[PDB]
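Enquirer: Experimental coordinates follow, after the sequence.
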Amino acid sequence: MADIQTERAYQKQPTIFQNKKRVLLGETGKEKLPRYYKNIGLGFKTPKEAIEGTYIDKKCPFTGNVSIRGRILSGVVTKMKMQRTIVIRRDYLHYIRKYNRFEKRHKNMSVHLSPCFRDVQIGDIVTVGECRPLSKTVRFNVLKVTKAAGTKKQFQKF
Amino acid sequence: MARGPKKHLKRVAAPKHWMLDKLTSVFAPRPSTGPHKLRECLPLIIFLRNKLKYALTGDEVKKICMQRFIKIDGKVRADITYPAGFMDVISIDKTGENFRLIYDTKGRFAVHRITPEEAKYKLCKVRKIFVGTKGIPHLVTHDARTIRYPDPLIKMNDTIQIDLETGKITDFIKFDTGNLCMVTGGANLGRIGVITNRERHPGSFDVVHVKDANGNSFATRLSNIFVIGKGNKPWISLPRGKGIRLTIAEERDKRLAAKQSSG
Amino acid sequence: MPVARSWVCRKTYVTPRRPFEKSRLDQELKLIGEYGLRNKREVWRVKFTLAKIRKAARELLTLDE
Amino acid sequence: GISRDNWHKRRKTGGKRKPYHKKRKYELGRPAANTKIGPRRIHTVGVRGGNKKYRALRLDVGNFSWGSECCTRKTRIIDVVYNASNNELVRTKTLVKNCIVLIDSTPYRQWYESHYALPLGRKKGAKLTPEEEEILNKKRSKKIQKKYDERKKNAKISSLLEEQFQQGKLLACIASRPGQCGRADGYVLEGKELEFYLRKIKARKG
RNA sequence: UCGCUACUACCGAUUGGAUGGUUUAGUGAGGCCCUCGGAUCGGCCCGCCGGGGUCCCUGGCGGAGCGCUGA
RNA sequence: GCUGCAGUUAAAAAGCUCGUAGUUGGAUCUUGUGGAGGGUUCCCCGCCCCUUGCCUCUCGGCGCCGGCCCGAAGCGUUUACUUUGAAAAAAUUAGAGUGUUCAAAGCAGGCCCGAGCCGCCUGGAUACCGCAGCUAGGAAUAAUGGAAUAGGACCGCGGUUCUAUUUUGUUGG
RNA sequence: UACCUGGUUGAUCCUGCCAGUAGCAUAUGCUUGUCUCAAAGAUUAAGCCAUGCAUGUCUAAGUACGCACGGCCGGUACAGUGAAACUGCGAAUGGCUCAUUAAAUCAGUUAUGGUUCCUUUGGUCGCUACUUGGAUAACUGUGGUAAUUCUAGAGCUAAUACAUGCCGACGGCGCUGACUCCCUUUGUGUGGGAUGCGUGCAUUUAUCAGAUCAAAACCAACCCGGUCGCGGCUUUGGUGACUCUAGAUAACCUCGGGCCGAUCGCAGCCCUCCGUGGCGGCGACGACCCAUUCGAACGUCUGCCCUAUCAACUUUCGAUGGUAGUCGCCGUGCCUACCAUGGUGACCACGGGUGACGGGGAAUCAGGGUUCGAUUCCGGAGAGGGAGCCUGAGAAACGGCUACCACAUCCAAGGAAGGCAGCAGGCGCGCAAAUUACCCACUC
């Protein structure tokens, strides 16, 4: 919040510039930084916390340098010990045709999760879309979070 | 290994609609690089040797072309494997005859003779719209033609008419409901009907629904629809059978009843 | 090497499963003697074309009228 | 030789993989430019598709922008002072993208003093009056002093730059890739970027 | 159990033998990149002669500095 | 041995009990009269209580002498299942036509006077193409979900803080 | 065609296996008259190879002083056929084999809004000049070595090879502003204006603008209809979505190291015109940039034979992730510095085996299945074993090159040369596989 330059190099959004002319503000002041953000398409909506926020993240869909294309998928949040990335589980049934019967299977995906989502928990349901390769094992990025079709965080009044 | 581009074609690998025999040979003519895709053209050698039968061998085709007799879209072509395709005109001024390439309702190129005043124009589908330096607008067609200063009402998926002596636009048809079209890919290849609905998806493919003269209904991906007339009337003459696609039982019954094929 | 040849062919008869069945031997010889044939293979050809005809009609009789 | 392939290294599970084929030419890599300060030395290489690429070994001069004033000019490069990635790159004076450098202030000072009709880099009267006062004051019929309110009411520079101009050097940041373009080229440090790197420079050695 | 004639496998002294894959420590051909090197080969500056012309063009012989400058 | 085997005595049930993953899991939550095709009541319209369950806009054609109506859209709690579209090399296999002298094959071939026809007609079908992904109907069966530390809703009110900067004749306040 | 029979007993009824019966594809034995098709050194040894062939190429249109052959005579550039040599293009396709290879290859499905692209086809092609420079090959002449498609010294001469460089069509439009004129000394509204600087598309970096919506009331100054307070408004294109496309400003620029023609062949023309100023008909070849076509490369989702006498594995010797950079055609731990402590597994990871190249497919088959697929179509890999690299649009190429390792040929002992898993042919192996033939007529 109050400081974000925790790295050895200065952190800023590309395409935003601050004028060093007409700088007078009197006894008070206003934000020296305007905010860059965009529409993703496909009927998704941009979070309020991306527009009203102050974080820097180049891999963010709403406020960074990525294009959402190809497949849209969903899965269950299962681990989150990395920084700005999480692991999600996908479960399915496989048909074996000699018998007339099914077999249970799973796979894991590592995905990139930006700030603007900040109340996610293990067992939440998440929707993701493809990007260019973002790191060695990461190809997908979080577009929406939900806990519909399931029990509450704490008691039923949540 | 594959260290660069290939330059041969095996005869069992060649496009099915050319109707090549099984036993004369191992190879087929590789179409010359050009305005139409390898799967979607007819090489000039297959038209002169196998369709029109003016030549018995590839050498008799070579010595027809080197005499400068054959014109495609009004230009003389000496290349025997040149990739001719849909809506092109071929003129043979020495025998006094003109042709246009159009699909038969079984999904293959028909021979279709035309009158010399209809051999003066062709129909083109729009692929792209863009702006160049100094703000000049550009157009691109399904057959690689580039046009400067198009009319600002001409949009994506529309059909334009061009005169072949000058290459400039004369008139156009808008893509909208109730206009006549022909199908240029998939299983419905070579059918004709009126556009009746367009269903759209953000990402992936749009789907168009089309209605026949006999009231049948069929659908395809938007990339396979070519518009050929404002409302009910086409801007080009059409081959025998007019795109109606009768079933194998109707085709049996007319073949018995009409006694054609020297019965 | 690639070549302009073709390799399609098939057999036109089948051999019986019981070689020495007395009831089968004299029935086949009575067909040879009445129609003036050369060998048993010349009878086994005609049983095979009839079996293929009946195999097709028994399939079409499953489908709705 | 050197190569940039994905197949020489292990999968998500920690398991090995065996080689699929010999090294291909499209998997190639090449040694680094390691560009120094010094009089121009550039070499060129042929690249995939038959195109050409430019590699700078020595550079003495660059193009820099003072974005606050809409002024850019060709300028001498003096020294390197900070590098976020590795300290051996400043110890050996190597020039790379987002490196922090010192540049000659003179062409910006000459643009400002002739545009605003005011002094900038000056200490005392002995470096104002004896020559070049005729840049500042001349005959100007109906354009003499009050019509320069279009200039004078917006002339004041930031205190952090007025302290740099008196020493004859400005801090700047490299924006081009010198080992790929053949050019060293960028923008003058200002505002909170200038406060950030002045704190980092002082906290390292001072 | 002991004994006669065939045939298959086990244990094991022998610091056995041949072939192949991993790997510690030391050595290292040859190409490519970089910093140097400079055999040899030219041009432009100073005589005389010749063709053209208001001493210069420009062909040739020739010597000093072999300057300056290129490969 | 899924369809489809066997374990008292022929080969074969852990000495006995607990228990995590895996497989399996009880009942329950909207129907009959009327019309068409067809029967002598049930499958399509419209109804006891809801029939696309709601809704009211606005860029955008219809019906008529502005206002009120009827096709998109928000979408119907989420999936499996099932039925239908689209899109997937050829050869091979199945399958239609056709007297290679018959057949295995092949993709051909057939009419007419004489040669004065400067020729004419016609084929090179069609089906199948698991799973996974795309698509539009059906809603039984099987998963899954909502308010108990009360919240749905009314053209319902009130304090307070942030805030786009439209409508005004514009550039500035 | 949804099928059974002999054999344990003195005799009976069962369990259960052995043997019989039919097809298919490898070897092998005995036997053989006619005629239409046609598989054939995969299995063992991706073991070793004598000899011959398997990739070359010219039009009217890049360079013709070869007496080589030739004409009616002559070079008016110079006739005409034209060996050789220089220059251009191709040789990265085709053909052969199946060693390696188990989420790898491959199939169906999707993506470049993360890249490159000879050629074809269509756009685009006006910020000494009536024509420049020197220098080599064929050829002529003299040589060296036991030896090779080894080459050295000397004398000549060309270009679409190599290297220079105008003319024409600057008349741009923005910024400076001596002076000057009008209402108001300045400011502020004007119109002129001497004189300087930059001024095509590509290239590197920085900055600017991108227009549209709901409702009133005061004040400075005015667009405008009018005059000393009211009505009324305007400006590239496109996607589901761009830090897209087009536009404006300040600089850079590659040079020896981006473009804007010092080129070739047919028919001749129209004139302030007698062979002059040009303008022009048909082309041929060439080059920077867009768009096409043929692709290539990297990535998404789902799909695999046997094994626990393989239960835990990976990890600055980069393992999983973050920030900045280098390198590369481009995304990315691809690699480097600093930091964090991650990632996979009983829903079988990690390790080992395979007489394992994958798929379209093949044999047998009531219904359900079992077994096979080196092999003519499609994808991959490799040219004795490993590694490195030149040229080019494209190769980590083997009918290209350099070196080590294993074989091996010639020698005058100094040296030189090599790669049949192409077509025929040979040796070795083994149960096991054809002729050192003819032709570009057909298909390409």
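Expert: Arrived safely. Numbers count the residues shown, from 1 in each chain, chains lettered A, B, ... in the order given.

Enquirer: what about residue D:112, which SS state?
Expert: Per DSSP: H, G, I helix; E, B strand; the rest coil, the secondary structure class of residue D:112 is helix.

Enquirer: Surely it touches residue D:69?
Expert: Yes. Using CB atoms under 8 Å, residue D:112 is in contact with residue D:69, at 7.4 Å. All C-beta atoms are positioned from the backbone trio N, CA, C, and that covers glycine.

Enquirer: Who has more neighbours out of these two?
Expert: Of the pair residue D:112 and residue D:69, residue D:112 is the one with more neighbours under other CB atoms under 10 Å in any protein chain shown, namely 21 against 16.

Enquirer: show me what contacts the more buried one?
Expert: D:69, D:71, D:118, D:120, D:157 (CB atoms under 8 Å, 6 or more residues apart in numbering or on different chains).

Enquirer: I'd guessed the third one sits against residue D:136; true?
Expert: What it means is residue D:118. Yes. Applying CB under 8 Å, one finds residue D:118 in contact with residue D:136, separated by 7.3 Å.

Enquirer: which one of the two has more residues nearby?
Expert: Neighbour totals were compared for residue D:118 and residue D:136, and residue D:118 leads with 16 against 13 (other CB under 10 Å).

Enquirer: helix/strand/coil for the more buried one?
Expert: Residue D:118 ends up coil, using three-state DSSP.

Enquirer: Phi and psi next, for it.
Expert: Dihedral pair for residue D:118: phi -140, psi 150, per degrees, to the nearest 10.

Enquirer: which SS class is residue 49?
Expert: No chain specified, so I'll use chain A. Classified using three-state DSSP, residue A:49 is helix.

Enquirer: Please refer instead to chain C.
Expert: Assignment for residue C:49 (three-state DSSP): helix.

Enquirer: on that earlier part again, now tabulate the contacts of residue D:112 in a markdown table and tack on distance to RNA strand F.
Expert: A markdown table is the format used below for the contacts of residue D:112 (distance: CB to the nearest atom of the strand, whole Å):
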| residue | distance to RNA strand F |
| --- | --- |
| D:69 | 22 |
| D:71 | 25 |
| D:118 | 27 |
| D:120 | 31 |
| D:157 | 25 |
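
Enquirer: Which parts of the chain are strands?
Expert: If you meant another chain, say so; for now it's chain A. Applying DSSP state E to chain A gives strands spanning A:69-79, A:85-96, A:101-112, A:125-130, A:140-146.

Enquirer: My question was about chain D, not that one.
Expert: Under DSSP E, chain D gives strands at D:36-37, D:41-46, D:52-59, D:61-66, D:71-82, D:100-104, D:169-174, D:185-188.

Enquirer: Distance to RNA strand E for the ones you listed - can I get that in a markdown table?
Expert: Shown next, in a markdown table, are the strands of chain D (distance: least, CB to the nearest atom of the strand, whole Å):
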| stretch | distance to RNA strand E |
| --- | --- |
| strand D:36-37 | 8 |
| strand D:41-46 | 4 |
| strand D:52-59 | 4 |
| strand D:61-66 | 18 |
| strand D:71-82 | 17 |
| strand D:100-104 | 20 |
| strand D:169-174 | 20 |
| strand D:185-188 | 21 |
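
Enquirer: Tell me which of those sits nearest to chain B.
Expert: Set against chain B and scored by CB to the nearest CB, these come closest in strand D:41-46, at 18.2 Å.

Enquirer: which strands and helices sit next to the closest one?
Expert: With contacts defined as 3 or more CB pairs under 8 Å, 6 or more residues apart in numbering or on different chains; DSSP states H and E, strand D:41-46 has these neighbours: strand D:52-59.

Enquirer: what lines up beside the strand it packs on in the sheet?
Expert: If you go by DSSP bridges, strand D:52-59 pairs up with strand D:36-37 (parallel), strand D:41-46 (antiparallel).

Enquirer: quick one, which of those is nearest to RNA strand F?
Expert: strand D:41-46 (38.4 Å; CB to the nearest atom of the strand).

Enquirer: if we can go back for a sec, kindly compare burial across the strands paired with strand D:52-59 and name the winner.
Expert: strand D:36-37 (a mean of 16; mean count of other CB atoms under 10 Å in any protein chain shown).
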